[PDB]
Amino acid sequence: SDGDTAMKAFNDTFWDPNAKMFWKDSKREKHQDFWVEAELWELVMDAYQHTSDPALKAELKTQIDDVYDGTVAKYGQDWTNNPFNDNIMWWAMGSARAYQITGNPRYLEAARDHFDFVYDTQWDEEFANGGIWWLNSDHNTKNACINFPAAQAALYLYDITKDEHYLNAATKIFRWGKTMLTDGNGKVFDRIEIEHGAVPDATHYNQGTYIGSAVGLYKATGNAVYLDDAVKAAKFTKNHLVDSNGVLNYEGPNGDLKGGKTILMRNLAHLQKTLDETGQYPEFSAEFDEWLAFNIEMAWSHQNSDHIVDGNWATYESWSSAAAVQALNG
């Protein structure tokens, strides 16, 4: 598959087998940032699930354990001192998925311990009747980039454990977030600050985690209202966070946002699979599928001679270049 060629190329260009970490760029001077490494972890897991090449599948399965090992070697196992609740939760969510694939108890303990630290200590009802703080060092804002990923992490932990506590957490987080961090119609706000209120800046990765938490809640509950929520957020994305030809936007120069199409595509694939399997929203499903295929082909067609795609789809960086690889590993 094109997904096989894209992932092997991405590994050949950016994977460091000594440190067991991705390089940040094609100069190979520094390794990827901590949180982005959890998102390239998930990319390896998504290529693992996508490929029907059994030799590549087995090599990616090994790489799932190596990405964790390289990160724990550099940083330790206990990430609860990191001041960013979102740094912790990206890795808790990756760890839950690694448990689903491998069954290695260390990944369940990592996921649970890190999720529980954030939800139990950083969910607050003093400010705005709920929601998780951005930071554990200072409590001034509650952000989409911690709240929707936390919901997703809780839904993985519910799927793994069937402990209803995790479904209750996912539901409480998502309900609060739809009320306080969206316009009620699919546009996901960046954050809500104590002093200055809502900041209605939308981005690919916050549309993405909203969509993924909504689809996950649909799968856990069978309540169609959650798939409606996902559809409205996908429709916002396809009509607003795109150029005039319908290609998803380039969000640089911000280093966190430049690769956010990676997180968006991952979640849009969950919505695509669920609409295809359920027959929900069939008119939207057919149009969504056409729009995704157009985007994936615009990514495919943007490769250099080493089969790496820079994130401006309309020196190569691993986060920016990851989005095309994710798009081809739906």
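Sequential numbering from 1, following the sequence displayed.
Scan the PDB entry between residue 314 and residue 315 and report the missing deposited residues as one of none, 1 to 3, 4 to 9, 10 or more. Gap between residue 314 and residue 315: 4 to 9 unmodelled residues.
Quick check on the record: does 180 to 188 or 104 to 112 carry the larger mean Cα temperature factor? Going by the record's values, the stretch with the higher mean is 104 to 112.
When the Cα temperature factors in the entry are averaged, is it 205 to 213 or 220 to 228 that ends up higher? The stretch with the larger mean CA B-factor is 220 to 228.
Of the options 32, 272, 262, 301, which has the highest CA B factor as deposited? The record points to 301.
Comparing recorded Cα B-factors across 72, 257, 151, 92, which one is largest? Spelled out: the listed residue with the top C-alpha B-factor is 72.
When the deposited Cα B-factors of this chain's modelled residues are ordered and cut into thirds, is residue 309 in the lowest, the middle or the highest one? For residue 309, the deposited C-alpha B-factor lands in the highest third.
Using only modelled residues of the chain, where does the Cα B factor of residue 63 rank: lowest third, middle third or highest third? Answer is middle: the recorded C-alpha B-factor places it there.
If you rank the chain by CA B-factor, which third does residue 165 end up in: lowest, middle or highest? It belongs to the middle third of the chain when residues are ordered by C-alpha B-factor.
Based on the deposited C-alpha B factors for this chain, I'd like to know if residue 195 is in the lowest, middle or highest third. For residue 195, whose C-alpha B-factor we compare with every modelled residue in the chain, the answer is the highest third.
Ordered by C-alpha B-factor within the chain, which third holds residue 47? Give me lowest, middle or highest, please. Middle third of the chain for residue 47's C-alpha B-factor.
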